[PDB]
Each structure stands twice: as C-alpha cells, then as structure tokens.
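Novice: return atomic coordinates for the entry below.
(chains A, B, C and D, ligands or ions: 9)
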There are 4 protein chains.
Amino acid sequence: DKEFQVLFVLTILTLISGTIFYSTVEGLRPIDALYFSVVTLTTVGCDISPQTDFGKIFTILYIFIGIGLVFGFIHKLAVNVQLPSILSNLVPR
Amino acid sequence: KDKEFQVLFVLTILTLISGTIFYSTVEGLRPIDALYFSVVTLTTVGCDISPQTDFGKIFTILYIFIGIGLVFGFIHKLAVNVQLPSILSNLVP
Amino acid sequence: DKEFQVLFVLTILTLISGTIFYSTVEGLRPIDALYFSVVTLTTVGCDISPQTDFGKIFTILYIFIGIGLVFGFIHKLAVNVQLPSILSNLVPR
Amino acid sequence: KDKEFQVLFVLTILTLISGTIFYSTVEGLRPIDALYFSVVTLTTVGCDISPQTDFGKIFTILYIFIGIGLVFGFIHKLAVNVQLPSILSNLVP
Ligand SMILES: [Ca+2]
Ligand SMILES: [Ca+2]
Ligand SMILES: [Ca+2]
Ligand SMILES: [Cl-]
Ligand SMILES: [Cl-]
Ligand SMILES: [Cl-]
Ligand SMILES: [Cl-]
Ligand SMILES: [Rb+]
Ligand SMILES: [Rb+]
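Specialist: Residues are numbered from 1 along each chain as shown, chains lettered A, B, ... in the order given. Ligands and ions are numbered 1, 2, ... in the order given. And now the structure:
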C-alpha cells in the first residue's frame, strides 16, 4: 500500500535519526542506539536511561514526535501484512 | 463466532513460543524467564533486563515490530469477545 | 456513568488482587505491590522484575487479563471526567 | 480549527510541570530528570529509576491514571491535526 510505504520510510528515517543521535551524544554503539530508539518509540522501554541533559531533552522530543509514527506503522504492519496473510490460510484453497 | 479471536490466540501463543526458544538459547535465560521477557516486551511493559548479544538485539527489534500488533490485537479481541461480553451481559436484570 | 463505575470497581479489585499477590509471594510492602500492579497493568513499567517463578507466571496472566480493564478505565477516566471538565471551561459562563 | 489540540497541549504542559515540581522536591531529582521521569512515565516508556518515597509512589500511581489519557489524547490529536495532515497533504501532485 502506498501509505504503508510512506509510513515505513518515515519510521526507518526516524530510527536512523535516533541511532545517529544516541551513538554520538550518548556514545552508544549503533546497534545499542537502534535498540534504544526502537524500545523508546514503541514504548517497550529498556534498563538504561539517557545520561546527558541533551540526551534527556532529545528523548522527550523524539518520543512525542516518533511515537505516533511508529505505532501507525505497527498498525499498518499488522493489518496490511501480518494478520491478513494468516487470514488467507483460514480458507483452505 | 470467536473464530478470529481463536486465530489471534494461536498466533500469540506461537509468537511467545518463538521468543521463549530464542531468548533461552541465545541469551541463556531459563525458559520461564525467556517467556517473561517475550511477554513483557510484546506487551510493552518491559523489564530491568536487556539482551546482551547483538543477535538478541536485532531479533528483539524485529520481534517487537511484528508481535506488538498481534499480541495487542489478541488483547483487543480478548476484551471485545470475552471481557466486554461477560461484564455487560451481567449488567442486566 | 454506570459503566464507568463498573470499570472503576473492576480496576480497584484487580489492583487489590495484584497488591495481595505481590506482597505475599514477592514479599513486597503493600505500597510496593500496588505500585508494581499499577505500573505493570498500565504498561509504564518499573526497574524491578518478579523473582519467583510463581510471580513471573502470575505477572504474565495478570497483564493479559488486567491490561484491557485498566486501559478501558483510563479511557473512561479521561473521557467522562478529566477532558470534559476542562472543555466546560472553554465556554466562558 | 486546532482548538481542542491546543487545549490538550496546554493540559499536557501543565501536567508535565506538576510532575517536574513534584519529583524534583520529594524525590530530589534535578528538574530535567524530574521532567524526564514525568514524560517517560506518562508516555509509558518508563525508565530504570523508581520513586523512593511512599508519597512518591502514591503520587506516581495517581499521576499515571490521570495523565496517561491526557498525554496520549495529546499525542493522538498531534498525529491527527499536525502529523497526518502534513504527510498526506504532501502525497498530492
Ligand atoms: Ca500503549
Ligand atoms: Ca523499564
Ligand atoms: Ca533497571
Ligand atoms: Cl555497532
Ligand atoms: Cl527451568
Ligand atoms: Cl506498606
Ligand atoms: Cl539543574
Ligand atoms: Rb508501554
Ligand atoms: Rb514500558
């Protein structure tokens, strides 16, 4: 779906921005920055908190701005792709 | 009916099994702790443990994106086909 | 609203059950058990995880069963009470 | 329009201010850390810190119940009146 693609591109770009930020300012390895971006914007959460005042402020802003994006993408991911595939199997061809 | 709900239940169970196996082997958690990690992640509660392997972080990211929509679709249908019915149905003479 | 009251009574009973369980099996002070019940069922999360296998299993079950209840109550709390009061102030009597 | 959205924005800001003041005085957090705690709690991300005073736990429980609906209503309207419009409006010739 076109909208689903827009939401994917936006989500990936958001997670790239978060990865870059947290690997630079917080000194995280990229994978750790990606994990933190993912677990922050999806609201799962992790065992670590940001240590720089700049990191804390950015995380606040990143949450409010990316949370809705990531959950719109999760909704479309579940609805235009995961649940329907299984529901195609409910009819025995 | 409770036919879609059954589908979401089986999908959620298999998802939690996959997470259980994954986190028990790669992260060395006991199976109950792997099931707990799978459950608290996909429900977004989270916990004070975080994966230690780069493989575990990559998998957890993908597991989050794919399984939040299933686990919460299951919770939604559990509320709409089992919880909401039993309450209202009892709010009658 | 009648339904709002049903949801409150259910929510309070749920948090009582969780408080009792976690203070007995996990040895938490009641307030700590109440905090854990609250932060678990609302998905905020805390810095501690359950330590007993029994505690872990119960938390899994408690999440799936109480999560929908607590968020239905949060919705009605925001919608039949908090947001509307403020919206009554939007019209200058 | 963006009139209800403005109301949710001001309510969210005042809620975050209240949390900031509360957690800075009773829990001895720096103000930025109190703002962070308020923000990650009400967005349900959570963090590795937990309140130490019994007063802080009681307040946090009430703050969660009252402010999740506001903070997420604000995120919903931010997505529906600011984020969804700017994307689609740009998905035109
Ligand atoms: Ca949520
Ligand atoms: Ca946490
Ligand atoms: Ca921790
Ligand atoms: Cl890396
Ligand atoms: Cl075992
Ligand atoms: Cl106590
Ligand atoms: Cl300061
Ligand atoms: Rb959460
Ligand atoms: Rb969380």
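Novice: so residue A:41 touches residue A:18, yeah?
Specialist: Yes - Residue A:41 is within contact range of residue A:18, at 7.3 Å (criterion: C-beta atoms under 8 Å). From N, CA and C alone the C-beta is placed, and that goes for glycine too.
Novice: who has more neighbours out of these two?
Specialist: residue A:41 (27 against 21; other C-beta atoms under 10 Å in any protein chain shown).
Novice: tell me which stretches of chain A form helices.
Specialist: A:2-25, A:30-41, A:53-76, A:83-89 (DSSP state H).
Novice: packing partners for the third one?
Specialist: For helix A:53-76, the contact count by 3 or more C-beta pairs under 8 Å, 6 or more residues apart in numbering or on different chains; DSSP states H and E identifies helix A:2-25, helix A:30-41, helix B:54-78, helix D:31-42, helix D:54-78 as packing neighbours.
Novice: with distance to residue D:13 added, can I get those helices in TSV?
Specialist: Formatted as TSV, the helices and strands packed on helix A:53-76 follow (distance: least, C-beta to C-beta, whole Å):
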stretch	distance to residue D:13
helix A:2-25	23
helix A:30-41	21
helix B:54-78	29
helix D:31-42	11
helix D:54-78	9
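Novice: of all those helices, which one is nearest residue A:80?
Specialist: helix A:2-25 (5.2 Å; C-beta to C-beta).
Novice: so which elements touch the closest one?
Specialist: Identification of packing neighbours for helix A:2-25 by 3+ C-beta pairs under 8 Å, 6+ apart yields helix A:30-41, helix A:53-76.
Novice: quick one: buried residues of the first one?
Specialist: Across helix A:30-41, burial judged by 16 or more other C-beta atoms under 10 Å in any protein chain shown covers A:32, A:33, A:34, A:35, A:36, A:37, A:38, A:39, A:40, A:41.
Novice: next: the longest one.
Specialist: Within helix A:53-76, the residues that count as buried by 16+ other C-beta under 10 Å are A:55-56, A:58-60, A:62-76.
Novice: quick check: phi and psi on residue A:45?
Specialist: The phi/psi pair for residue A:45 (degrees, to the nearest 10) reads phi 80, psi 160.
Novice: ok, it - contacts?
Specialist: Residues in contact with residue A:45 (C-beta atoms under 8 Å, 6 or more residues apart in numbering or on different chains) are A:39, B:44, B:46, C:45, D:40, D:44, D:45, D:46, D:47.
Novice: need the contact list for the nearest residue to the fifth one once chain neighbours are set aside.
Specialist: In other words, residue D:40. With sequence-adjacent residues excluded and distances taken as C-beta to C-beta, 6 or more residues apart in numbering or on different chains, residue D:40 is closest to residue D:47, at 4.8 Å. Neighbouring residues of residue D:47 by C-beta under 8 Å, 6+ apart: A:45, A:49, C:47, D:36, D:37, D:40, D:41.
Novice: how far away is residue D:47 from ligand 3?
Specialist: 8 Å (C-beta to the ion, to the nearest Å).
Novice: give me the neighbour count for residue A:3.
Specialist: Quick note: residue A:3 (other C-beta under 10 Å) scores 13 neighbours.
Novice: looks like it contacts residue A:75 (just checking).
Specialist: No - counting by C-beta under 8 Å, residue A:3 stays clear of residue A:75, with 10.8 Å between them.
Novice: now do the phi/psi pair for residue A:26.
Specialist: phi -90, psi 0.
Novice: what about residue A:93, how many residues nearby?
Specialist: Neighbours around residue A:93, by other C-beta under 10 Å: 4.
Novice: typo on my end, residue A:1
Specialist: What residue A:1 shows, counting by other C-beta under 10 Å, is a neighbour count of 10.
Novice: just give the nearest non-adjacent residue to it, would you?
Specialist: Closest to residue A:1 by C-beta to C-beta, 6+ apart is residue A:80, at 5.2 Å.
Novice: anything in stretch A:21-28 sitting right up against ligand 4?
Specialist: No - Stretch A:21-28 lies out of reach of ligand 4 by C-beta under 5 Å from the ion, never closer than 8.0 Å.
Novice: hmm, who's touching that stretch?
Specialist: So stretch A:21-28 is contacted by A:29-30, A:32-33, A:36-37, A:50-52, A:54-55, A:58, A:62 (C-beta under 8 Å, 6+ apart).
Novice: need the residues you listed in JSON lines (columns: distance to ligand 8).
Specialist: Output for the contacts of stretch A:21-28, formatted as JSON lines (distance: C-beta to the ion, whole Å):
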{"residue": "A:29", "distance to ligand 8": "24"}
{"residue": "A:30", "distance to ligand 8": "24"}
{"residue": "A:32", "distance to ligand 8": "20"}
{"residue": "A:33", "distance to ligand 8": "20"}
{"residue": "A:36", "distance to ligand 8": "15"}
{"residue": "A:37", "distance to ligand 8": "15"}
{"residue": "A:50", "distance to ligand 8": "17"}
{"residue": "A:51", "distance to ligand 8": "22"}
{"residue": "A:52", "distance to ligand 8": "24"}
{"residue": "A:54", "distance to ligand 8": "24"}
{"residue": "A:55", "distance to ligand 8": "20"}
{"residue": "A:58", "distance to ligand 8": "19"}
{"residue": "A:62", "distance to ligand 8": "15"}
